[PDB]
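K.L.:
What follows is a structure written as structure tokens; I'll ask about it next.
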Amino acid sequence: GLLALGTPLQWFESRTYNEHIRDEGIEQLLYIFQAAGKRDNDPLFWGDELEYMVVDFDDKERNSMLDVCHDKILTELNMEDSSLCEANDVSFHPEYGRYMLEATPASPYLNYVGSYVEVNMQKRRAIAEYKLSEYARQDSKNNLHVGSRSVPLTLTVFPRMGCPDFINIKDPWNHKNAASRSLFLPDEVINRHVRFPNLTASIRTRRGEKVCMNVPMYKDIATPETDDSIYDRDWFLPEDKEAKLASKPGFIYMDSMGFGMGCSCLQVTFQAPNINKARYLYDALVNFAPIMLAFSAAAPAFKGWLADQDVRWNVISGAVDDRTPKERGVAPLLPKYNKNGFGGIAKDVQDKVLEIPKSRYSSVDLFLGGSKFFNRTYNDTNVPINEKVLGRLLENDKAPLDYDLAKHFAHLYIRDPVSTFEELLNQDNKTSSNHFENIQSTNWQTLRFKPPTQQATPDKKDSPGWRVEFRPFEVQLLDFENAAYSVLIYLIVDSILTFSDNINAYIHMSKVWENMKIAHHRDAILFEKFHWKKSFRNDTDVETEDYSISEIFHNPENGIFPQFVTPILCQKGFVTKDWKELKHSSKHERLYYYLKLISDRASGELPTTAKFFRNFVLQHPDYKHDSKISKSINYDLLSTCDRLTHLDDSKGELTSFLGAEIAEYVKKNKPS
Ligand SMILES: N[C@@H](CCC(=O)O)C(=O)O
Ligand SMILES: [Mg+2]
């Protein structure tokens, strides 16, 4: 679908309704509980969500840019070509990046759908490429974008984001970019739908400084000691003076929402039988998040530099971090502009300002609890709450909540609304959840616990029920990879829901947070160790030990395969003893290859996309042993990505990346 129209309020105009919007959304939330709290027997409908970047290959000039000129694709697919999509069970939606596409099946998968996830993904991609070939035919007749070739790629990060000639607009600095005020990103990187520039601007005003994300640079023999792309400018005060103060030697400096929300991910949403099972499943998935982030790593480069990290998470986390220096317990970089460190927080509410340990884009803060294995002591970290909100969810006449659930929402409500339309200030709280969604939707976490709407009363069997979103996966290039990882989490979820009486997955939150940091290290999948539960089938107990990703996938006692994957496959009747017997199955062979791909990457036998990309840059004939990705290296890298995406092994690249056996398999067997 397309995003709804309206007049967004800029920060100074909107902050005055902060409390109003929180209040009314809490009431909307209570009506949701009142109406849908007792749903039961909801089927396991689920679905994935992919994001694409449209890349413009200028082959004559050996430059591949982000394509910011074909964004109409999203309106046409939702308008005169919607029937194409519907007939094909796909649906397209806007994302932060003007060059991005997001797409989902049009109807949820129901239980195990085998190769269909992959089939459906391929249809999404086929239709995007179809639209792009259409434009290429028009552009030709109108003599436009000559020499250009546009391809949607499922990249996590565009390696040259914010670097010279990275977008296909000739001279984008011939005007100012007043939304981000970035040194590197023209606001053309932002989707045209007013919501996105409004959010960019609001967060930067509220913060009173630009978002700042310093990523450790890979330190090769000739790597500069500072990010030599930083420059002085005089368009914007204070923002043009922040880089000198905010950057750090040995770190890539980024200063714009686009560097993070302009990155892509794979996300998968699951419907649980009821709220209680949804709380159980959410909690059980908490420590899978950092493990899967490390596992699926696909981001080893930012803003033209090789990084000493392999995932995007911390960059997106900083990219929307609306915390004032006061909330961050640090001084403003420029006290003359950022008055007292309170950024754009209204004076008359500065006395309510809390110190907040984490960005509103950050890993789950709290177990929801409410299940037999839960104990509140597992919530052992610093998690500020909105007491007023806690009070009201505890004591109200519509749906009084248990303390642990109330605490979850109360933490979500420490944040201000950062994107609000005028037309919406007043709602019918009985039927609308827009105010709740204001806050729900701008707490971006490794998982998301998703209430239905007020309309979703137990009698309505097809309404979405209580759902859990799994949000940490990096997006991979091939639809076979993304389907592999979507089916992985599906089997894990079905396993958790099927064996809910016997699986205790609780561990201390502090350990999860620690895992989230470890998950970023370069080559973490290959050697790092992570806190992981010693056993899952054990009352009361919450002992962890430190296990490699390979042990975490394969250990008989606590491994993903022996404790989640194989047991659900046995019980569904796909195997008797072991997932590997799928190799010889007539109906389940592709599933064998999905799981083999997963097993071989978890054990280090096959590279992550991040490792493949990094090898590529390091072995490139034009590489200058200084961590820099040049237009030339970027071009060739993305050309390889294009061939990989299309299973083109003419240069042996697919064999090099998937290994021969998998490569031969996918080259010779379509999903069906
Ligand atoms: N593109 C963001 C996700 C933002 C969203 O879709 O809510 C990511 O890489 O995680
Ligand atoms: Mg998205």
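K.L.:
Neighbour counts of other C-beta atoms within 10 Å: give me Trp513, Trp466 arranged from fewest to most.
P.N.:
Fewest-to-most Cβ neighbours within 10 Å comes out as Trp513, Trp466.
K.L.:
Given 0.36 nm per residue, what is the gain on full extension from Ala126 to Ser650 after removing their alpha carbon distance, in nm?
P.N.:
186.5 nm
K.L.:
For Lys430, give me every one of the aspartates and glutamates with a C-alpha distance below 18 angstrom, ignoring sequence neighbours fewer than eight places off in its own chain.
P.N.:
Straight-line reach from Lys430, under 18 Å: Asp23, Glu24, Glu27, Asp397, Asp459.
K.L.:
Right, here's the next one. By how many nm would the segment from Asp348 to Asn174 lengthen if fully extended, with 0.36 nm per residue of separation less the alpha-carbon distance? If you can, show how the numbers build up before the last one.
P.N.:
Details: separation 174, 0.36 × 174 = 62.64 nm, distance 4.00 nm.
So the chain would gain 58.6 nm between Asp348 and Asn174.
K.L.:
Next up: Checking the table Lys176/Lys210; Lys511/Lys534; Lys358/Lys628; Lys587/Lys667; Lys352/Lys511 against a 22 Å threshold on Cα-Cα, which pairs fail?
P.N.:
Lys358/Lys628; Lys352/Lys511
K.L.:
For the pair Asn340 and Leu618, how long in nm is the line joining their label points, each one 7 Å along Cα→Cβ?
P.N.:
Result for the modelled spin labels: 5.1 nm.
K.L.:
Okay, moving on. Debye calculation, C-alpha points only, no solvent: report log10 I(q)/I(0) for region 523-606 at q = 0.22 Å⁻¹, in the same order as the q values.
P.N.:
The calculated log intensity ratios at q = 0.22 Å⁻¹ are -1.04.
K.L.:
To continue, here is another question. For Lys339, give me every one of the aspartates and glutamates with a C-alpha distance below 18 angstrom, ignoring sequence neighbours fewer than eight places off in its own chain.
P.N.:
Answer for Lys339, where 18 Å is the Cα cut-off: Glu209, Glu239, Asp240, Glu242, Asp322, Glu327, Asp348, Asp351, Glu355, listed by chain and number.
K.L.:
I've got another one for you. So for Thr154, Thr16, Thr540, fewest C-beta neighbours within 10 Å to most, what's the order?
P.N.:
Placing the least packed residue first, the sequence is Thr540, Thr16, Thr154.
K.L.:
Continuing with this model, one more query. Using the number of other C-beta atoms within 10 angstrom as an exposure proxy, rank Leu306, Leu199 with the fewest first.
P.N.:
So the ranking, lowest neighbour count to highest, is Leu199, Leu306.
K.L.:
Given a cut-off of 25 Å, name the pairs among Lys244/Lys347; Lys241/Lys326; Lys123/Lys461; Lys219/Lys631 whose C-alpha atoms lie farther apart than that in the structure shown.
P.N.:
Values: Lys244/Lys347 28 Å; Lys241/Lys326 20 Å; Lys123/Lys461 28 Å; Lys219/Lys631 20 Å.
Pairs exceeding 25 Å: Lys244/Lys347; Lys123/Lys461.
K.L.:
Moving on. When averaged across all projection directions, what area in nm² does the alpha-carbon convex hull of the chain cover?
P.N.:
Averaged projected hull area, Cα only: 28.6 nm².
Cβ coordinates were reconstructed from backbone atoms using ideal geometry, including for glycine residues, and neighbour counts include every protein chain displayed. Bear in mind that the values in this text are calculations on the coordinates, not laboratory data.
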